[PDB]
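Just below is one structure, and these are the notes that go with it.
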Amino acid sequence: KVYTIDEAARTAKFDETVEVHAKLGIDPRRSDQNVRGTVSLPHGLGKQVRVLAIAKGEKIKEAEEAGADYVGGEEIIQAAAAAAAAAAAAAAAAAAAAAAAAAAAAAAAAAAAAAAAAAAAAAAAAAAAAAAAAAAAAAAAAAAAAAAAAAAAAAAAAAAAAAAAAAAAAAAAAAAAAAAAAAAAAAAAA
Amino acid sequence: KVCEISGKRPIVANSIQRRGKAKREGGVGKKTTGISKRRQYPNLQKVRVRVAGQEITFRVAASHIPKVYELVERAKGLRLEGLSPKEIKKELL
Amino acid sequence: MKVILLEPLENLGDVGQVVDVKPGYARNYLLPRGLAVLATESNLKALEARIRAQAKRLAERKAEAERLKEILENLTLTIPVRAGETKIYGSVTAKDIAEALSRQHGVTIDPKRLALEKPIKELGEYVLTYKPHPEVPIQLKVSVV
RNA sequence: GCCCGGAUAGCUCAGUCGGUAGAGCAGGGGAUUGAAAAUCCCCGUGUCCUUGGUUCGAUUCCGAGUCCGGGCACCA
RNA sequence: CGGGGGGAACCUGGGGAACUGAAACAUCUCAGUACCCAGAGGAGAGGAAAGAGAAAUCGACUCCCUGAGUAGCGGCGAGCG
RNA sequence: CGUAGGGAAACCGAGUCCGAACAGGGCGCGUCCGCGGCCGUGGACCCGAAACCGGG
RNA sequence: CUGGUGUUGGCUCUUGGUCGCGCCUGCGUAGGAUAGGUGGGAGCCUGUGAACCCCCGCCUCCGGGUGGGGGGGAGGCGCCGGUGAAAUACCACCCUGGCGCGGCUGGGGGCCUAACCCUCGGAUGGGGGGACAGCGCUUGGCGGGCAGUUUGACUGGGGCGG
RNA sequence: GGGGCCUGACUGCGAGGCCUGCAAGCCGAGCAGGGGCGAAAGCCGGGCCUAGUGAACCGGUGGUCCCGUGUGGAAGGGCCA
């Protein structure tokens with residue numbers, strides 16, 4: 001109407017099952033694309049941001065409590081490497097990549113915000129917020145959204161997640177917005 | 001021949017044969033390989049029409065056909081008849 | 001091709017309808033068969049003039065009926081017929097009714113636009129309806145002497 | 001110069017709509033026969049031209065180098 | 001009432017060549033020339049900006065001198081302008 | 001026309017062009033009229049084709 | 001000769017391409033079974049009448065998949081579980097192929113008559129042909145029937161040869 | 001002939017000559033840039049030398065201080081290759 005009306009969700013009970021969907025170019029040029037691993041978003045959304053990180057035996061204190069729950073160390077590296085029906089994500093600092101034991105038996109991990117010692121640091125807001133989704137053969141898009149109690153707090157994806165549109169080199173025009181799920185669907189410009 | 005309405009008449013034009021890649025593409029450019037005189041005719045057609053009593057045809061270029069159905073509408077407000085198929089057309093302007 | 005109809009037709013009909021067609025059709029069919037005419041503004045405005053006239057010229061005979069309704073819709077007639085008992089000796093057709101009502105109130109009436117079946121032939125109370133379109137039921141009273 | 005089509009066993013060539021590599025013929029042995037064919041049986045041949053990549057894998061999907069096959073142009 | 005036909009050139013319009021030049025030749029040139037037709041008149045055409053073109057610009061058209069063999073056009077040839 | 005040249009140009013100027021360059025090197029001091037020689041354009045020293053085109 | 005357009009019209013049958021939208025679509029191995037991808041996702045469906053049985057279309061890998069209509073009655077699904085690369089309900093963008101109506105333009109096939117065209121003891125009409133043919137503009141092609149031309153030099157004459 | 005490091009099969013210039021109707025053809029010391037080999041002196045602007053070539057015009061690429069039809073940009077030109 002005169003803007004993209006989130007409070008036009010006025011279909012069951014507790015609503016955090018709304019979404020943002022779209023489409024773009026198919027194998028544009030020759031590679032593909034990649035979303036911002038947990039887009040920081042102008043709202044922390046107060047979500048239980050499950051960070052199943054890849055810390056050391058030293059980051060068991062504050063790698064958890066920077067807007068998350070559980071974090072392990074060397075006890076989930078080599079001990080949880082032999083499990084195919086049981087056993088967000090930070091990254092081991094400097095350069096110690098996770099495909100030496102944690103790619104054994106496509107997931108979801110870019111990195112965590114820098115500090116060189118802590119995670120819940122002397123300035124920590126962008127660390128518990130919105131989601132991300134990479135390629136998808138046909139289309140792509142497909143992200144999460146927001147909570148049931150939010151007037152203006154839901155319209156946070158106009159120049160943020162719908163401006164994740166910064167990894168589509170060339171093909172056509174990388175936008176075909178269509179938001180809302182588990183009830184209905186509205187579609188809007190960004 | 002000529003349009004009785006418009007005055008249009010066959011005009012003389014050239015027929016130019018060319019060859020070559022247009023400069024605006026691959027280039028070198030085109031080369032006229034023969035020009036020659038020829039004419040373009042107006043698209044003349046036939047319009048039989050009732051009007052007053054008598055039948056009256058026009059020789060007229062297709063572009064101008066409607067212009068006749070204008071006259072027939074302008075012709076209603078007139079005193080006419082008197083065995084005059086051709087003498088109508090004349091008076092039909 | 002813009003044209004205004006006359007003789008209604010299939011796919012395009014009731015007179016005076018402006019509708020668009022193939023110039024070949026108009027030109028080699030409708031116009032020469034007088035089944036429609038060019039939708040020239042010359043004619044188009046003359047069409048407006050057929051409507052604007054008749055149309056409103058007909059809210060006369062409609063608003064004039066209600067101007068005559070608001071005199072007899074309430075007013076009474078009263079006929080001093082020469083009758084015997086409850087039954088009457090002669091009848092009372094409208095040529096009487098209409099006439100009596102002229103010489104009783106100075107108003108003209110058609111013996112035709114009534115709502116009459118039989119000629120009464122019977123003393124009592126009756127109130128018939130009039131015509132056309134919206135209708136005006138006049139009130140009448142039957143008597144003796 | 002630019003757009004098409006192709007490559008799979010010795011030869012000519014089929015196909016998952018991403019999960020099987022196959023006809024036919026030549027080629028070698030066996031049955032038939034006065035014979036040579038045509039017959040009938042059995043057995044060999046696979047960088048599926050090339051590295052990459054999508055994906056749980058690929059022989060068909062995509063980028064690609066490559067060689068032939070056409071096709072349409074152009075040539076101061 | 002008009003028309004018609006004539007008139008040395010000159011004018012406008014409708015049609016419109018070739019030799020030639022390019023040291024051959026086709027694009028190009030000769031040339032919208034020659035010629036044919038129609039029309040006009042003492043002249044004809046044109047003529048009061050839906051113009052020019054870079055100037056707070058000029059102000060119908062025609063003719064002469066300039067501008068200038070410049071601007072350009074051109075098998076960027078011949079040459080045209 | 002001449003009093004200014006260089007550069008394709010923007011431009012700069014007794015200089016300027018290439019060049020990164022206080023290397024090098026390239027280009028960088030009358031008109032008007034008469035007369036005569038010659039040249040270009042028009043037959044252009046005179047005569048001559050075979051032919052081509054238009055209209056009769 | 002030929003495509004496109006104009007002159008050029010009615011009425012049908014038939015179909016393409018497209019895009020609106022709405023319904024389907026999917027069966028390598030394991031796996032309840034016919035799992036299209038990626039994300040949501042712990043709640044939904046039912047008196048906005050479910051479980052169970054029959055008639056009935058459509059699709060098929062012949063296993064089932066799915067829709068209408070009848071009856072009926074307060075009960076169904078997912079999570080869990082397990083196998084897989086991916087798991088289930090439900091909602092989202094997302095054609096892999098197919099139908100169902102829409103619009104937009106595209107093609108054939110029929111019938112018509114009134115433009116055009118031929119005819120008729122002369123007709124504002126009657127026959128026949130007929131939206132083709134003819135003619136305008138435009139596209140490519142065939143094209144000594146015709147036109148304009150070109151067909152080099154050296155050379156113990158020219159040609160031939162070189 | 002064999003080996004080692006290399007890319008001077010350089011960029012910007014060229015005193016001066018050979019040859020010579022023109023236009024071409026050929027040799028060139030030396031200076032600057034930034035290099036290569038050498039301890040260095042020095043040498044390197046392809047190849048033991050003399051054939052392996054094609055003016056202009058017209059286009060194509062890649063560059064680029066330039067031009068850009070009133071102005072800003074385009075279109076299209078020029079310049080270098």
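Identifiers in this document derive from the order of the structure tokens: chains are assigned A, B, ..., residues are numbered from 1 separately in each chain, and ligands are numbered from 1 in order of occurrence.
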Which neighbours of residue B:4 fall inside 8 Å, counting only C-alpha atoms (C1' of nucleotides), when residues of the same chain fewer than 6 positions from it are skipped, and could you give them as a PDB file with N, CA and C atoms, in the first residue's frame?
```pdb
ATOM      1  N   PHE B  58     -15.569   6.192 -57.484  1.00  0.00           N
ATOM      2  CA  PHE B  58     -14.386   7.015 -57.391  1.00  0.00           C
ATOM      3  C   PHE B  58     -13.173   6.208 -57.772  1.00  0.00           C
ATOM      4  N   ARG B  59     -12.147   6.926 -58.200  1.00  0.00           N
ATOM      5  CA  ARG B  59     -10.834   6.382 -58.374  1.00  0.00           C
ATOM      6  C   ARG B  59     -10.098   7.087 -57.269  1.00  0.00           C
ATOM      7  N   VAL B  60      -9.576   6.333 -56.323  1.00  0.00           N
ATOM      8  CA  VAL B  60      -9.037   6.967 -55.158  1.00  0.00           C
ATOM      9  C   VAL B  60      -8.033   6.088 -54.465  1.00  0.00           C
TER      10      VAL B  60
END
```
Exercise for review: May I have all residues of stretch 16-56 of chain C that DSSP, computed from the backbone, assigns to strand (DSSP E or B), given as a PyMOL selection string?
Suggested key: chain C and resi 18-20+36-38
Review point. What residues in chain E have any atom no more than 9 Å from chain B when counting only C-alpha atoms (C1' of nucleotides), and can you write them as a list in words?
Key: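 Result, ordered by chain then number: residues 26, 27 and 75 of chain E.
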Keeping N, CA and C atoms (P, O5', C5', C4', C3', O3' and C1' of nucleotides) for every residue in the selection just given, could you write it to a file as a PDB file, in the first residue's frame?
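Saved result, out.pdb, follows:
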```
ATOM      1  P     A E  26      30.893   2.318 -68.183  1.00  0.00           P
ATOM      2  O5'   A E  26      30.503   2.002 -66.667  1.00  0.00           O
ATOM      3  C5'   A E  26      29.176   1.506 -66.373  1.00  0.00           C
ATOM      4  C4'   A E  26      29.052   0.863 -65.000  1.00  0.00           C
ATOM      5  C3'   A E  26      29.253   1.764 -63.778  1.00  0.00           C
ATOM      6  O3'   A E  26      28.054   1.807 -63.015  1.00  0.00           O
ATOM      7  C1'   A E  26      30.213  -0.405 -63.449  1.00  0.00           C
ATOM      8  P     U E  27      27.108   3.099 -63.035  1.00  0.00           P
ATOM      9  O5'   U E  27      27.267   3.687 -61.562  1.00  0.00           O
ATOM     10  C5'   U E  27      26.843   2.911 -60.439  1.00  0.00           C
ATOM     11  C4'   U E  27      27.593   3.335 -59.211  1.00  0.00           C
ATOM     12  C3'   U E  27      27.754   4.828 -58.991  1.00  0.00           C
ATOM     13  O3'   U E  27      26.583   5.506 -58.540  1.00  0.00           O
ATOM     14  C1'   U E  27      29.744   3.682 -58.394  1.00  0.00           C
ATOM     15  P     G E  75      33.505   7.124 -52.194  1.00  0.00           P
ATOM     16  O5'   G E  75      34.916   6.976 -52.928  1.00  0.00           O
ATOM     17  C5'   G E  75      34.985   6.701 -54.330  1.00  0.00           C
ATOM     18  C4'   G E  75      35.060   5.214 -54.551  1.00  0.00           C
ATOM     19  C3'   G E  75      36.459   4.661 -54.408  1.00  0.00           C
ATOM     20  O3'   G E  75      36.735   4.243 -53.101  1.00  0.00           O
ATOM     21  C1'   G E  75      35.507   3.852 -56.421  1.00  0.00           C
TER      22        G E  75
END
```
Exercise for review: For stretch 145-150 of chain A, please output as an MDAnalysis selection string all residues within 12 Å (counting only C-alpha atoms (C1' of nucleotides); exclusion window: fewer than 2 positions along the same chain).
Suggested key: (chainID A and resid 5:21 38:39 41:48 129:132 142:143 152:157 161:162 179:181) or (chainID G and resid 39:40)
Those same residues, written as a PDB file, in the first residue's frame with C-alpha atoms (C1' of nucleotides)?
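Result written to out.pdb:
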```pdb
ATOM      1  CA  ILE A   5       2.657  -3.703   5.736  1.00  0.00           C
ATOM      2  CA  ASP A   6       4.018  -6.402   8.123  1.00  0.00           C
ATOM      3  CA  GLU A   7       1.051  -5.891  10.509  1.00  0.00           C
ATOM      4  CA  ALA A   8      -1.109  -7.063   7.574  1.00  0.00           C
ATOM      5  CA  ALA A   9      -0.595 -10.529   9.076  1.00  0.00           C
ATOM      6  CA  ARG A  10      -4.062  -9.698  10.538  1.00  0.00           C
ATOM      7  CA  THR A  11      -3.860 -18.136  10.837  1.00  0.00           C
ATOM      8  CA  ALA A  12      -3.451 -20.365  13.961  1.00  0.00           C
ATOM      9  CA  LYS A  13      -1.466 -19.492  17.158  1.00  0.00           C
ATOM     10  CA  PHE A  14       2.125 -18.394  17.991  1.00  0.00           C
ATOM     11  CA  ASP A  15       3.579 -16.686  14.878  1.00  0.00           C
ATOM     12  CA  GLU A  16       7.308 -16.880  14.180  1.00  0.00           C
ATOM     13  CA  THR A  17       6.749 -18.911  10.979  1.00  0.00           C
ATOM     14  CA  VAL A  18       6.651 -16.009   8.437  1.00  0.00           C
ATOM     15  CA  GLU A  19       9.260 -15.944   5.650  1.00  0.00           C
ATOM     16  CA  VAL A  20      10.871 -14.054   2.757  1.00  0.00           C
ATOM     17  CA  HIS A  21      11.057 -15.754  -0.671  1.00  0.00           C
ATOM     18  CA  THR A  38      23.690 -15.216   9.717  1.00  0.00           C
ATOM     19  CA  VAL A  39      22.919 -11.695   8.353  1.00  0.00           C
ATOM     20  CA  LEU A  41      20.025  -7.425  10.670  1.00  0.00           C
ATOM     21  CA  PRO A  42      18.950  -4.196  12.481  1.00  0.00           C
ATOM     22  CA  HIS A  43      17.247  -6.417  15.110  1.00  0.00           C
ATOM     23  CA  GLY A  44      18.738  -9.127  17.322  1.00  0.00           C
ATOM     24  CA  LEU A  45      15.171 -10.507  17.212  1.00  0.00           C
ATOM     25  CA  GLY A  46      15.644 -11.835  20.774  1.00  0.00           C
ATOM     26  CA  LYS A  47      16.045 -15.280  19.201  1.00  0.00           C
ATOM     27  CA  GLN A  48      17.498 -18.361  20.915  1.00  0.00           C
ATOM     28  CA  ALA A 129      20.176 -11.995  14.878  1.00  0.00           C
ATOM     29  CA  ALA A 130      18.843 -13.174  11.420  1.00  0.00           C
ATOM     30  CA  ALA A 131      19.349 -16.276   9.183  1.00  0.00           C
ATOM     31  CA  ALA A 132      20.878 -17.130   5.758  1.00  0.00           C
ATOM     32  CA  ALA A 142      14.360 -18.910   1.291  1.00  0.00           C
ATOM     33  CA  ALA A 143      15.151 -17.158   4.608  1.00  0.00           C
ATOM     34  CA  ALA A 152       7.871  -1.727  13.137  1.00  0.00           C
ATOM     35  CA  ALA A 153      10.325  -4.446  14.328  1.00  0.00           C
ATOM     36  CA  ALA A 154       9.282  -6.863  11.509  1.00  0.00           C
ATOM     37  CA  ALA A 155      10.002  -4.493   8.540  1.00  0.00           C
ATOM     38  CA  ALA A 156      13.792  -4.969   8.927  1.00  0.00           C
ATOM     39  CA  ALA A 157      14.678  -6.689   5.639  1.00  0.00           C
ATOM     40  CA  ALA A 161      18.355  -9.089   3.987  1.00  0.00           C
ATOM     41  CA  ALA A 162      16.659  -7.991   0.690  1.00  0.00           C
ATOM     42  CA  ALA A 179       7.119 -12.856   1.777  1.00  0.00           C
ATOM     43  CA  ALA A 180       4.942 -14.758   4.302  1.00  0.00           C
ATOM     44  CA  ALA A 181       4.464 -18.434   5.176  1.00  0.00           C
TER      45      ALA A 181
ATOM     46  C1'   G G  39      13.746 -22.710   3.835  1.00  0.00           C
ATOM     47  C1'   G G  40      10.337 -22.703   7.347  1.00  0.00           C
TER      48        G G  40
END
```
Practice item. Taking the chain letters and numbering used in this document, name the residues of chain B that DSSP puts in alpha helix (DSSP H), as number ranges by chain. Key: B: 65-75, 85-91
Counting only C-alpha atoms (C1' of nucleotides), which residues from chain H have an atom at most 12 Å from any atom of chain B, and could you show them as a PDB file with N, CA, C and O atoms (P, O5', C5', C4', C3', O3' and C1' of nucleotides), in the first residue's frame?
```pdb
ATOM      1  P     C H  57      45.573   5.508 -46.300  1.00  0.00           P
ATOM      2  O5'   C H  57      44.397   5.300 -47.341  1.00  0.00           O
ATOM      3  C5'   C H  57      43.897   6.383 -48.122  1.00  0.00           C
ATOM      4  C4'   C H  57      42.835   5.823 -49.018  1.00  0.00           C
ATOM      5  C3'   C H  57      41.688   5.115 -48.313  1.00  0.00           C
ATOM      6  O3'   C H  57      40.698   6.046 -47.926  1.00  0.00           O
ATOM      7  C1'   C H  57      42.544   3.700 -49.981  1.00  0.00           C
ATOM      8  P     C H  58      40.173   6.059 -46.431  1.00  0.00           P
ATOM      9  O5'   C H  58      39.202   4.803 -46.386  1.00  0.00           O
ATOM     10  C5'   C H  58      38.275   4.537 -47.440  1.00  0.00           C
ATOM     11  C4'   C H  58      37.680   3.161 -47.262  1.00  0.00           C
ATOM     12  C3'   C H  58      37.445   2.703 -45.829  1.00  0.00           C
ATOM     13  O3'   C H  58      36.225   3.298 -45.370  1.00  0.00           O
ATOM     14  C1'   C H  58      38.508   0.973 -47.051  1.00  0.00           C
ATOM     15  P     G H  59      35.899   3.499 -43.789  1.00  0.00           P
ATOM     16  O5'   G H  59      35.643   2.007 -43.300  1.00  0.00           O
ATOM     17  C5'   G H  59      36.035   1.556 -42.000  1.00  0.00           C
ATOM     18  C4'   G H  59      35.915   0.052 -41.976  1.00  0.00           C
ATOM     19  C3'   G H  59      36.416  -0.663 -40.726  1.00  0.00           C
ATOM     20  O3'   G H  59      35.310  -0.846 -39.859  1.00  0.00           O
ATOM     21  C1'   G H  59      37.511  -1.528 -42.604  1.00  0.00           C
ATOM     22  P     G H  60      35.377  -0.369 -38.348  1.00  0.00           P
ATOM     23  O5'   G H  60      35.860  -1.700 -37.636  1.00  0.00           O
ATOM     24  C5'   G H  60      35.417  -2.948 -38.186  1.00  0.00           C
ATOM     25  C4'   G H  60      36.291  -4.055 -37.690  1.00  0.00           C
ATOM     26  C3'   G H  60      36.784  -3.872 -36.274  1.00  0.00           C
ATOM     27  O3'   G H  60      35.720  -4.234 -35.432  1.00  0.00           O
ATOM     28  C1'   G H  60      38.567  -4.551 -37.645  1.00  0.00           C
ATOM     29  P     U H  61      35.690  -3.684 -33.962  1.00  0.00           P
ATOM     30  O5'   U H  61      36.584  -4.759 -33.211  1.00  0.00           O
ATOM     31  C5'   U H  61      37.242  -4.412 -31.999  1.00  0.00           C
ATOM     32  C4'   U H  61      38.470  -5.263 -31.804  1.00  0.00           C
ATOM     33  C3'   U H  61      39.398  -4.714 -30.740  1.00  0.00           C
ATOM     34  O3'   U H  61      38.870  -5.263 -29.559  1.00  0.00           O
ATOM     35  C1'   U H  61      40.619  -4.997 -32.724  1.00  0.00           C
ATOM     36  P     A H  75      29.019   6.358 -27.213  1.00  0.00           P
ATOM     37  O5'   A H  75      28.554   6.464 -28.738  1.00  0.00           O
ATOM     38  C5'   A H  75      27.188   6.173 -29.117  1.00  0.00           C
ATOM     39  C4'   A H  75      26.811   6.794 -30.448  1.00  0.00           C
ATOM     40  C3'   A H  75      27.810   6.726 -31.595  1.00  0.00           C
ATOM     41  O3'   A H  75      27.839   5.462 -32.223  1.00  0.00           O
ATOM     42  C1'   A H  75      26.896   8.867 -31.543  1.00  0.00           C
ATOM     43  P     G H  76      29.234   4.753 -32.509  1.00  0.00           P
ATOM     44  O5'   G H  76      29.978   5.817 -33.431  1.00  0.00           O
ATOM     45  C5'   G H  76      29.674   5.911 -34.829  1.00  0.00           C
ATOM     46  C4'   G H  76      30.230   7.189 -35.388  1.00  0.00           C
ATOM     47  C3'   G H  76      31.734   7.232 -35.525  1.00  0.00           C
ATOM     48  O3'   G H  76      32.211   6.530 -36.649  1.00  0.00           O
ATOM     49  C1'   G H  76      31.005   9.239 -34.565  1.00  0.00           C
TER      50        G H  76
END
```
Practice item. Determine, counting only C-alpha atoms (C1' of nucleotides), which protein, DNA and RNA residues have an atom within 10 Å of an atom of stretch 98-112 of chain G; residues of the same chain fewer than 4 positions away are not included. Present the result as a VMD selection string. Key: chain G and resid 10 to 25
Point to revise | At most 9 Å to chain D: residues in chain A, only C-alpha atoms (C1' of nucleotides), as an NGL selection string | key: :A and (27 or 29-31 or 137)
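Counting only C-alpha atoms (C1' of nucleotides) and comparing F:4, F:51, F:12, F:46, the residue that lies closest to residue F:28 is F:4.
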Hey, what's within 12 Å of stretch 43-52 of chain H if we count only C-alpha atoms (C1' of nucleotides) and toss same-chain stuff fewer than 3 positions away? As a PDB file with C-alpha atoms (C1' of nucleotides), in the first residue's frame, please?
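Below is the file that was written, out-v1.pdb:
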```pdb
ATOM      1  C1'   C H   6      68.340 -14.892 -18.945  1.00  0.00           C
ATOM      2  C1'   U H   7      64.267 -12.064 -22.703  1.00  0.00           C
ATOM      3  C1'   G H   8      67.863  -6.032 -25.599  1.00  0.00           C
ATOM      4  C1'   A H   9      62.856 -10.766 -30.848  1.00  0.00           C
ATOM      5  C1'   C H  10      63.552  -3.512 -25.342  1.00  0.00           C
ATOM      6  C1'   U H  11      60.663   1.929 -24.726  1.00  0.00           C
ATOM      7  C1'   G H  12      62.076   7.197 -25.881  1.00  0.00           C
ATOM      8  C1'   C H  13      65.771   9.139 -29.594  1.00  0.00           C
ATOM      9  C1'   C H  26      70.268  -0.690 -45.590  1.00  0.00           C
ATOM     10  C1'   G H  28      74.672   3.205 -37.504  1.00  0.00           C
ATOM     11  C1'   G H  35      66.666  -4.378 -17.562  1.00  0.00           C
ATOM     12  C1'   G H  36      69.819  -9.075 -18.664  1.00  0.00           C
ATOM     13  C1'   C H  37      74.637 -11.716 -18.400  1.00  0.00           C
ATOM     14  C1'   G H  38      79.743 -10.622 -16.453  1.00  0.00           C
TER      15        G H  38
END
```
Review point. What lies within 12 Å of residue D:22 using only C-alpha atoms (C1' of nucleotides), ignoring chain neighbours under 3 positions off, as a list in words?
Key: residues 8, 9, 13, 14, 15, 46 and 48 of chain D
Practice item. Within 9 Å of chain B, which residues of chain C are there when counting only C-alpha atoms? Please give them as an MDAnalysis selection string. Key: chainID C and resid 27 32 38 40 42
**Study point:** Contacts of residue F:10 within 10 Å, only C-alpha atoms (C1' of nucleotides), excl. fewer than 5 positions in-chain, as a PyMOL selection string
**Key:** chain H and resi 65-67
Could you write out that same residue set with C-alpha atoms (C1' of nucleotides) as a PDB file, in the first residue's frame?
```pdb
ATOM      1  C1'   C H  65      46.699  14.031 -23.028  1.00  0.00           C
ATOM      2  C1'   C H  66      42.743  15.011 -28.267  1.00  0.00           C
ATOM      3  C1'   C H  67      37.619  16.599 -31.289  1.00  0.00           C
TER       4        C H  67
END
```
Review point. Which of these, B:48, B:24, B:64, B:19, has the shortest distance to residue B:89 once you count only C-alpha atoms?
Key: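 Result for the nearest residue to residue B:89: B:48.
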Could you make a table, as CSV, of the residues of chain G that have an atom within 9 Å of an atom of chain A, each with its nearest atom pair and distance in Å to one decimal, counting only C-alpha atoms (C1' of nucleotides), in chain and number order?
```
residue,atom,partner,partner_atom,distance
G:37,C1',A:137,CA,6.6
G:38,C1',A:136,CA,5.1
G:39,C1',A:142,CA,4.6
G:40,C1',A:17,CA,6.4
G:41,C1',A:17,CA,7.3
G:43,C1',A:13,CA,8.8
G:44,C1',A:12,CA,8.4
G:90,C1',A:182,CA,7.1
G:91,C1',A:182,CA,3.7
G:92,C1',A:181,CA,5.0
G:93,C1',A:21,CA,4.8
G:94,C1',A:139,CA,5.5
```
